[PDB]
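Below: the structure, in structure tokens.
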Number of protein chains: 4
Amino acid sequence: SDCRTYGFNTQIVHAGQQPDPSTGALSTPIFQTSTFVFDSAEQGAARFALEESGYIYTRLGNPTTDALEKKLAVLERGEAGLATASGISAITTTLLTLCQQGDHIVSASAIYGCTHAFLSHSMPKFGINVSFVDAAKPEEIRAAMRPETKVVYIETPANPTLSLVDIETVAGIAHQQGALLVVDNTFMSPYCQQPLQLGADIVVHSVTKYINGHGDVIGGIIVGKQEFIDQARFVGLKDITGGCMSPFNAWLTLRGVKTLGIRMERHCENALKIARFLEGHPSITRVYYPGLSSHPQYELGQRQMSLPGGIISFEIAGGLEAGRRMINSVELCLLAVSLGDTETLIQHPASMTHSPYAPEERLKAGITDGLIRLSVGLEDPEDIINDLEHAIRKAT
Amino acid sequence: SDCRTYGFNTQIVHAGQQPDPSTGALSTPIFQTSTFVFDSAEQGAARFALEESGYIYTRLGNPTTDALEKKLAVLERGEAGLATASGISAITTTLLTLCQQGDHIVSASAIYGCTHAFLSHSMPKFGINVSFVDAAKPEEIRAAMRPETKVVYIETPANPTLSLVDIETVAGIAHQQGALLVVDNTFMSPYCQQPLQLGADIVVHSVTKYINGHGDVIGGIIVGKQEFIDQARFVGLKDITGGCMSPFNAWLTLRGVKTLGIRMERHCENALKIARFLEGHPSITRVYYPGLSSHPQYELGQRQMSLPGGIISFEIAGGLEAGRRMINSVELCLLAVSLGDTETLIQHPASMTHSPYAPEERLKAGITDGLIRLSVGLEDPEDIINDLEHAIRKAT
Amino acid sequence: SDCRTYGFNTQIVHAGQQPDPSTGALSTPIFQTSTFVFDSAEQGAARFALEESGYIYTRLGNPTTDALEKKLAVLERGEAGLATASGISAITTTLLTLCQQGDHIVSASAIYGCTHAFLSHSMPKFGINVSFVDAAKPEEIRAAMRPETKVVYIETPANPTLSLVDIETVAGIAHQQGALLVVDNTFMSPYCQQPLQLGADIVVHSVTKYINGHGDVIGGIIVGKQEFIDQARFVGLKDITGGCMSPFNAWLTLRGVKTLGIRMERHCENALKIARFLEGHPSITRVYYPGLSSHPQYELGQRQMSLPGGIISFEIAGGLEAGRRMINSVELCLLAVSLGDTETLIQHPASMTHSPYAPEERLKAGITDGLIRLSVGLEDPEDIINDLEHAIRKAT
Amino acid sequence: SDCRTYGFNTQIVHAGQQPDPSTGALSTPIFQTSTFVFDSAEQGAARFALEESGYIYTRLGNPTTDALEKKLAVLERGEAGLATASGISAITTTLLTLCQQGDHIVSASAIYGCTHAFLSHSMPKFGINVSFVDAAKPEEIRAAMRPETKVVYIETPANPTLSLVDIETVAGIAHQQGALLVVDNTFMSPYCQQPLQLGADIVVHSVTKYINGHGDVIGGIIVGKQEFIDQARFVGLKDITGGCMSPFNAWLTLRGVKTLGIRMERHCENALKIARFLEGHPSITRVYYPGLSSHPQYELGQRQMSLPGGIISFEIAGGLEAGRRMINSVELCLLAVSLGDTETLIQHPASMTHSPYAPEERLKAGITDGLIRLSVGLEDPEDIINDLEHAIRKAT
Ligand SMILES: *Cc1c(COP(=O)(O)O)cnc(C)c1O
Ligand SMILES: *Cc1c(COP(=O)(O)O)cnc(C)c1O
Ligand SMILES: *Cc1c(COP(=O)(O)O)cnc(C)c1O
Ligand SMILES: *Cc1c(COP(=O)(O)O)cnc(C)c1O
């Protein structure tokens with residue numbers, strides 16, 4: 001049969017995978033090899049000429065990684081996938097394949113910090129200019145487009161305030177002006193949002209977050225048309241970034257993604273409960289969560305996202321010192337800077353990642369002094385709420 | 001004590017490593033994690049401000065990978081190391097950290113094919129121009145230097161004819177003209193050649209070859225001054241290539257490198273025997289091996305290399321068809337395109353990697369129709385010789 | 001705090017685990033080591049004398065495996081855990097620690113086939129006699145008890161007809177007669193049944209099934225009182241079976257168990273839907289599933305099990321040939337002999353595992369000619385039902 | 001061709017292994033699976049009936065582990081191999097397959113401590129009696145034989161004094177009296193001693209030591225006739241010990257064994273240098289090493305062993321307190337209780353493993369107060385000697 005025909009949970013479990021043909025092994029074997037052996041000179045030449053399918057060398061391609069690439073292509077409804085060493089490598093392999101000196105990119109300003117650093121500081125040194133705009137306002141995207149614009153780049157939801165971008169509307173604007181739309185879908189995973197179905201051309205993820213979900217893999221994935229992915233593989237990865245994924249990391253990500261549907265359901269069920277608790281707490285001034293009807297783009301989120309996500313941000317009364325006291329008072333939530341793990345993770349940017357920055361520079365990343373970012377895990381939500389209540393009460 | 005004080009075999013085993021402090025575990029633990037947890041807001045801020053040692057997130061740094069980086073820095077007599085997703089990523093993370101639009105690179109022409117593709121086709125699209133020269137002639141390096149030249153880039157020995165480059169002489173030329181010298185030391189490993197001791201500024205390796213040695217890791221390493229490595233880590237890797245190494249791959253490379261000294265001794269003992277056998281064979285027109293006194297740069301090799309290496313190239317009588325017949329007639333040597341594995345690997349480029357290319361285009365990579373490339377493994381050399389003799393006899 | 005105080009999902013995620021003390025790594029490091037190093041002669045002696053905590057050698061104990069042992073002890077409400085190379089090793093390490101020549105065991109007859117082979121053929125050759133009884137009838141257990149009986153051994157539910165054993169009632173009988181009760185809890189996992197809370201003394205699992213859940217680990221676990229577990233570790237494992245678990249297998253099982261709660265919820269939701277579909281199908285003569293009210297011990301199952309499980313057996317009309325045709329006609333369910341994986345697995349014992357046996361010998365394992373065993377996975381239940389309907393329709 | 005025809009180093013690299021048939025991957029894939037899938041009911045039945053080759057379930061057999069089993073069978077010149085969870089499991093799976101209540105074993109007294117504990121305390125509780133003899137005196141073996149003796153069990157060399165057993169002579173005695181000879185060949189590895197070639201029936205190893213060689217695997221192997229190995233697999237392992245090896249551990253051992261020849265050569269070259277240094281040191285009363293001509297069985301060792309090994313024991317002047325001071329004064333040698341790793345390991349049993357024992361009880365394991373045991377690693381021997389000289393000088 002064809003796995004593209006089954007339901008989404010069935011695809012999560014099975015797409016891109018099948019029992020090993022020589023042994024019947026059910027788990028995808030870990031092809032932890034660099035070298036592949038040819039049966040003859042002619043078989044080697046046939047593979048190098050693309051006249052025969054098969055493998056050559058793990059930087060170019062590998063059976064374990066191929067399974068992950070095919071699975072994620074199915075889940076995003078794209079033609080082809082390309083696994084990478086990190087989410088950053090997925091982003092930069094994509095953009096360095098597409099762009100050359102003299103080209104231009106229109107990017108959302110509300111993007112992952114290291115992506116912003118790449119676009120702000122590294123791209124212009126290669127002659128590739130970037131204009132940053134508020135992508136919640138599609139007119140600002142249009143106004144920033146130039147004859148040289150090759151790419152519009154967006155993230156949605158966008159940390160740390162969980163604002164949204166209207167993918168379908170932005171895709172139409174980008175395409176009318178001759179540009180590709182690249183969407184970083186890390187926050188949602190394909191279980192909750194499908195940018196290619198809304199007109200995006202390329203989707204990138206850090207699999208480090210929800211796709212792997214177990215806090216033990218750094219990796220990325222790119223999904224798009226075969227013609228583009230082939231260039232991203234044989235030029236961007238092979239020559240430019242060298243950012244190939246280890247077969248063992250691909251195997252762990254295949255293993256983690258098996259539970260993506262059930263994990264996202266529980267992350268989001270837990271997060272909605274915690275978000276409602278925080279919205280009712282008189283020591284919490286604001287709660288940013290797409291599942292609360294007061295979210296400024298709530299209706300867009302309901303049309304574009306099948307679930308409101310596992311991430312919450314909120315502001316605690318009392319600013320910087322209260323946020324520091326609160327984060328130093330949790331006993332179950334763990335202080336860390338990643339997200340999408342099975343454990344609940346918490347961070348206070350103004351006292352952690354952005355401490356030696358001026359308050360007006362911190363807002364440039366949307367960071368207020370009392371802002372706390374919470375990645376909701378798979379624990380009992382009552383335990384998470386009790387921990388938050390205990391810490392908030394102490395802090396205020 | 002200080003491991004930088006012990007003998008080289010002792011350093012191979014011990015440098016960069018020690019029993020785990022919390023448990024005493026002798027093997028370096030596999031810190032297969034993405035996330036690291038802070039004990040307090042203040043500890044997180046201290047790490048982000050570089051005011052406290054410790055870890056944050058595996059793309060930035062990891063204890064397992066740190067051990068590999070420190071070991072390879074000791075072995076190359078460099079200050080610091082940076083592990084990468086691939087040898088290509090080591091090369092491009094280095095050059096994309098050092099160079100920006102308007103800069104220039106002087107490169108040897110006799111370099112790894114994918115490095116050549118990066119330099120020929122990708123660098124100029126970022127405004128970084130490259131002049132290729134015959135680096136066996138240091139005067140051609142000097143003549144190609146421009147005010148904008150930031151880097152001279154060399155490999156030695158250089159596949160597929162095993163020609164050499166005089167590292168010390170080229171380093172002096174590069175430095176007099178204000179450029180850094182980057183040496184790809186993959187072929188030799190630090191056990192056989194130490195470019196930093198001869199004046200190079202930066203050494204890169206594909207650990208995929210001899211350093212790991214077991215044919216099961218794609219990876220790279222960069223070694224140089226702390227100031228440069230810090231930029232390669234926090235800009236080149238973090239932002240540009242995203243080419244971080246998986247902790248499991250670092251652990252496998254640590255494990256492989258434990259036997260680097262004994263492996264290189266056996267590879268080179270075997271290769272010298274096989275090279276002498278081939279040089280005495282009337283069906284073999286030429287043998288390229290630094291350990292044969294007829295090698296055109298033999299004396300330079302004796303001063304610069306402690307052993308002549310594990311790689312041999314040779315030309316079989318009868319050109320393309322004889323090379324194809326020979327490679328299709330081996331029974332022990334394995335047909336493949338990597339090198340530095342414990343198994344003997346063999347390839348015939350004119351019928352394998354470069355078949356759909358014109359004979360005059362193949363020479364542009366030094367490839368004649370009868371040229372065979374042999375990576376000598378750890379088998380009994382008598383068995384390798386018998387296999388080669390059987391195949392040569394059949395082919396001719 | 002104490003993790004034994006949190007909710008069960010919180011314990012699944014966190015019990016037995018914490019950030020690495022020397023680095024903060026969130027994932028439990030893979031301590032893939034044999035050797036541990038002492039700081040002094042005195043520290044080595046202190047560990048060998050049990051006068052100091054810490055590690056010596058991985059066969060005796062290991063930090064990664066210790067985390068798994070502690071987690072499973074928390075989840076089963078037992079004092080201590082011991083990980084093993086396989087479920088069989090958990091069973092035999094337990095029984096060979098407890099029993100010596102002249103001792104006796106009363107065992108259920110409806111037990112895992114290889115356990116039955118150990119008890120029937122291997123135990124008596126060591127002078128340890130075994131009486132098999134129908135453990136659904138607690139009076140048969142009582143009647144089989146002898147002065148030499150050390151252990152009553154049961155599984156519940158019991159494959160392949162999913163009959164039950166009343167743990168609390170059997171525990172009272174065993175204890176009144178001076179014997180320990182050992183329960184194999186593999187089928188249910190601690191998420192669905194807690195034998196120690198009902199009076200059992202020792203729980204064993206094959207973690208190969210639901211606890212790991214990902215079809216990529218063979219392993220076992222024993223949970224019980226510290227005094228017994230210490231004997232199982234330092235005599236049974238150290239000396240008798242040698243069945244220690246690899247640190248990597250323990251790490252994978254820790255990783256798999258993170259999703260145990262959400263997996264069991266989905267397995268059982270899916271299984272109840274499929275069981276009801278099969279019970280309404282006129283080509284299916286019988287359906288064995290604890291969640292159907294027609295199950296002969298339905299009310300006991302509701303008191304003893306929090307969910308009815310992920311396993312279903314059923315009889316297809318037409319006996320042996322229909323069962324063979326049906327199993328050869330599924331397109332999504334995979335033909336295999338394990339259970340508890342994320343993929344739906346199916347087997348027809350009369351044509352697969354028990355084909356060269358007489359029909360009257362097959363019933364001795366409860367196997368009728370039309371009996372099919374289904375391990376329900378995490379796919380969309382509609383897809384599983386459609387596959388079963390297609391295959392049943394073709395077969396009948 | 002047939003790998004049993006190549007030289008021993010070629011076999012170390014290649015025996016039991018070949019490129020993956022479906023992909024050409026050179027490294028043996030890690031078949032980290034529990035479940036295997038059948039294409040039809042008939043294929044499942046054919047495998048269960050042994051009428052078709054192939055896999056069923058990893059406890060029974062696995063492609064990665066099969067490669068290791070076949071390689072070690074080739075290296076020991078035996079018919080078949082069986083991998084296990086530990087060296088202890090190799091020993092007990094063997095003996096519990098061969099023996100039942102009423103049987104008898106004649107064992108050397110100079111054996112590994114946990115093997116001695118199994119034979120002394122556990123075997124008799126299963127009705128299997130054991131007589132311990134000085135196996136350096138073959139007449140004591142003969143005199144201890146009884147009508148019920150099934151097995152003669154020996155280790156050679158034997159820790160901690162490195163005494164020897166004449167394998168060929170003992171095999172002839174055992175066979176004349178109708179018993180099998182089992183030899184634990186862990187100390188030597190097949191590179192240095194081949195008991196089956198000298199008449200032994202079964203060889204066991206802890207692969208934890210030299211075969212893996214990297215201090216990161218606990219595991220065992222059994223090698224013998226196909227008829228016996230089949231019983232050890234399908235009864236001893238399947239039913240009794242459950243001591244199967246994890247596929248990942250088998251893959252690591254395959255990887256470690258690739259360098260067995262070059263490692264043993266260097267271990268033994270280093271050990272002979274260190275042994276000669278110790279024999280010339282006036283603070284060292286005795287040196288136990290088969291490569292010193294003063295060894296009491298030196299000539300037997302030269303006939304039976306191709307190299308004298310990597311292990312040395314020696315007595316330091318001043319007894320218990322000097323041994324403790326010496327071991328607390330090394331800076332490079334690591335204090336630990338395993339052997340065969342790439343790092344040099346050292347232990348002082350009288351102050352470490354046997355401290356709370358009476359001096360007359362310590363001699364029962366051949367342990368004098370000043371006895372030090374050294375596992376010589378791959379470091380520069382000059383560095384090891386300097387470390388030992390520094391520590392000896394301080395201690396005396
Ligand atoms: C973490 C993250 C990234 C970067 O991925 P890495 O795997 O850390 O390189 C990119 N985008 C988003 C939205 C992320 O959360
Ligand atoms: C193989 C090789 C490389 C590339 O390294 P990868 O690990 O394949 O990316 C670079 N230089 C040399 C000399 C090589 O042999
Ligand atoms: C599979 C199973 C076992 C055996 O465990 P292994 O890990 O295969 O050794 C024991 N009991 C039950 C109920 C099982 O399903
Ligand atoms: C270490 C050893 C063993 C035991 O093997 P494990 O892998 O630790 O179970 C048995 N025999 C000898 C000679 C050993 O050195």
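Residue numbering restarts at 1 for every chain of the structure tokens, chains are lettered A, B, ... in their displayed order, and ligands are numbered from 1 as they appear.
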Report task. Taking only C-alpha atoms into account, report as a ChimeraX atom specification which residues of chain A lie within 7 Å of chain B. Result -> /A:32-38,40-42,44-45,48,58-59,85-86,88-89,92,100-101,114-115,117-118,122,125-127,215-218,239-244,246,324,327-328,334-336,338,351-353,355
According to DSSP computed on the backbone, where in region 147-198 of chain D is there helix (DSSP H, G or I)? Give the residues as an mmCIF file with N, CA and C atoms, in the first residue's frame.
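Result file follows (states_15.cif):
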```
data_model
loop_
_atom_site.group_PDB
_atom_site.id
_atom_site.type_symbol
_atom_site.label_atom_id
_atom_site.label_comp_id
_atom_site.auth_asym_id
_atom_site.auth_seq_id
_atom_site.Cartn_x
_atom_site.Cartn_y
_atom_site.Cartn_z
ATOM 1 N N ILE D 167 47.101 -27.201 28.922
ATOM 2 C CA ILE D 167 45.789 -27.477 28.335
ATOM 3 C C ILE D 167 45.768 -28.843 27.662
ATOM 4 N N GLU D 168 46.772 -29.118 26.826
ATOM 5 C CA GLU D 168 46.781 -30.363 26.068
ATOM 6 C C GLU D 168 46.822 -31.572 26.994
ATOM 7 N N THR D 169 47.656 -31.518 28.035
ATOM 8 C CA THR D 169 47.750 -32.646 28.959
ATOM 9 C C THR D 169 46.448 -32.840 29.726
ATOM 10 N N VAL D 170 45.860 -31.746 30.213
ATOM 11 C CA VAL D 170 44.605 -31.834 30.951
ATOM 12 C C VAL D 170 43.470 -32.311 30.050
ATOM 13 N N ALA D 171 43.435 -31.841 28.796
ATOM 14 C CA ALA D 171 42.408 -32.318 27.868
ATOM 15 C C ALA D 171 42.477 -33.834 27.698
ATOM 16 N N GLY D 172 43.689 -34.384 27.560
ATOM 17 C CA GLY D 172 43.819 -35.826 27.411
ATOM 18 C C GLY D 172 43.321 -36.589 28.626
ATOM 19 N N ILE D 173 43.628 -36.084 29.824
ATOM 20 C CA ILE D 173 43.147 -36.696 31.061
ATOM 21 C C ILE D 173 41.625 -36.620 31.142
ATOM 22 N N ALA D 174 41.060 -35.432 30.900
ATOM 23 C CA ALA D 174 39.608 -35.285 30.967
ATOM 24 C C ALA D 174 38.916 -36.240 29.998
ATOM 25 N N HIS D 175 39.400 -36.295 28.756
ATOM 26 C CA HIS D 175 38.762 -37.128 27.740
ATOM 27 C C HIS D 175 38.883 -38.611 28.049
ATOM 28 N N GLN D 176 40.032 -39.049 28.558
ATOM 29 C CA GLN D 176 40.167 -40.464 28.894
ATOM 30 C C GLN D 176 39.140 -40.887 29.932
ATOM 31 N N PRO D 195 42.784 -22.681 23.000
ATOM 32 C CA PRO D 195 42.560 -23.940 23.727
ATOM 33 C C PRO D 195 41.914 -25.041 22.904
ATOM 34 N N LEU D 196 41.002 -24.720 21.979
ATOM 35 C CA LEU D 196 40.388 -25.782 21.186
ATOM 36 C C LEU D 196 41.417 -26.511 20.335
ATOM 37 N N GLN D 197 42.443 -25.799 19.856
ATOM 38 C CA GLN D 197 43.512 -26.430 19.085
ATOM 39 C C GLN D 197 44.363 -27.367 19.931
ATOM 40 N N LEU D 198 44.316 -27.226 21.253
ATOM 41 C CA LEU D 198 45.058 -28.077 22.170
ATOM 42 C C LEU D 198 44.181 -29.141 22.810
#
```
Computed gap from CA of residue 65 (chain C) to CA of residue 255 (chain C) is 12.0 Å
Could you give me the residues within region 41-85 of chain A that DSSP places in strand (DSSP E or B), as a count of residues only? 6
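Rounded to one decimal, CA of residue 98 (chain B) and CA of residue 200 (chain B) lie 14.9 Å from each other.
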A straight line from CA of residue 299 (chain D) to CA of residue 184 (chain D) spans 20.8 Å
query = Of the candidates D:142, D:380, D:136, D:225, which one gets nearest to residue 11 (chain B) if we count only C-alpha atoms?
reply =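 Among the listed residues, D:380 lies closest to residue 11 (chain B).
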_Surrounding residues of residue 183 (chain D) excluding itself and chain neighbours under 3 positions, 10 Å, only C-alpha atoms, as a VMD selection string_ = chain D and resid 91 152 to 156 165 167 171 180 186 194 to 196 200 to 205
**Message:** List the spatial neighbours of residue 78 (chain A) as a ChimeraX atom specification - criterion: any atom at most 8 Å away, only C-alpha atoms, same-chain residues fewer than 3 positions off excluded.
**Reply:** /A:73-75,81,196,223-225
Keeping C-alpha atoms for every residue in the selection just given, could you write it to a file as a PDB file, in the first residue's frame?
```pdb
ATOM      1  CA  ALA A  73       8.108  14.632   4.373  1.00  0.00           C
ATOM      2  CA  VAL A  74       4.928  12.549   4.743  1.00  0.00           C
ATOM      3  CA  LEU A  75       3.958  14.307   7.980  1.00  0.00           C
ATOM      4  CA  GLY A  81      13.173  15.694   3.452  1.00  0.00           C
ATOM      5  CA  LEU A 196       3.097  23.566   3.238  1.00  0.00           C
ATOM      6  CA  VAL A 223      11.020  19.560   3.985  1.00  0.00           C
ATOM      7  CA  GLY A 224      10.100  20.813   0.527  1.00  0.00           C
ATOM      8  CA  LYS A 225       9.951  20.042  -3.174  1.00  0.00           C
TER       9      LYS A 225
END
```
Report task. Would you list the contacts of residue 104 (chain C) as an MDAnalysis selection string, taking every protein, DNA or RNA residue within 8 Å and counting only C-alpha atoms, but skipping same-chain residues closer than 5 positions in sequence? Result -> chainID C and resid 99 128:131 146 148:151
How about saving the chosen residues, N, CA and C atoms kept, as a PDB file, in the first residue's frame?
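Final file, result_14.pdb:
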```
ATOM      1  N   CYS C  99      15.350 -20.349  45.444  1.00  0.00           N
ATOM      2  CA  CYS C  99      15.114 -21.784  45.532  1.00  0.00           C
ATOM      3  C   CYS C  99      16.404 -22.576  45.388  1.00  0.00           C
ATOM      4  N   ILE C 128      14.569 -28.836  41.912  1.00  0.00           N
ATOM      5  CA  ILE C 128      13.512 -27.921  42.321  1.00  0.00           C
ATOM      6  C   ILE C 128      12.251 -28.340  41.579  1.00  0.00           C
ATOM      7  N   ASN C 129      11.252 -28.817  42.315  1.00  0.00           N
ATOM      8  CA  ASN C 129      10.051 -29.342  41.681  1.00  0.00           C
ATOM      9  C   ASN C 129       8.978 -28.274  41.567  1.00  0.00           C
ATOM     10  N   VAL C 130       8.140 -28.415  40.547  1.00  0.00           N
ATOM     11  CA  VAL C 130       7.123 -27.425  40.215  1.00  0.00           C
ATOM     12  C   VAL C 130       5.803 -28.148  39.992  1.00  0.00           C
ATOM     13  N   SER C 131       4.744 -27.653  40.621  1.00  0.00           N
ATOM     14  CA  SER C 131       3.389 -28.120  40.371  1.00  0.00           C
ATOM     15  C   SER C 131       2.647 -27.023  39.625  1.00  0.00           C
ATOM     16  N   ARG C 146       2.985 -27.417  49.501  1.00  0.00           N
ATOM     17  CA  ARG C 146       3.687 -28.451  50.246  1.00  0.00           C
ATOM     18  C   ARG C 146       4.559 -27.784  51.294  1.00  0.00           C
ATOM     19  N   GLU C 148       7.617 -27.797  51.432  1.00  0.00           N
ATOM     20  CA  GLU C 148       8.800 -27.289  50.756  1.00  0.00           C
ATOM     21  C   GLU C 148       8.494 -26.149  49.793  1.00  0.00           C
ATOM     22  N   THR C 149       7.236 -25.719  49.680  1.00  0.00           N
ATOM     23  CA  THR C 149       6.896 -24.672  48.718  1.00  0.00           C
ATOM     24  C   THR C 149       7.458 -23.328  49.169  1.00  0.00           C
ATOM     25  N   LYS C 150       8.333 -22.752  48.347  1.00  0.00           N
ATOM     26  CA  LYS C 150       8.917 -21.450  48.631  1.00  0.00           C
ATOM     27  C   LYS C 150       8.225 -20.318  47.897  1.00  0.00           C
ATOM     28  N   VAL C 151       7.624 -20.598  46.742  1.00  0.00           N
ATOM     29  CA  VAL C 151       7.162 -19.570  45.816  1.00  0.00           C
ATOM     30  C   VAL C 151       5.862 -20.027  45.175  1.00  0.00           C
TER      31      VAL C 151
END
```
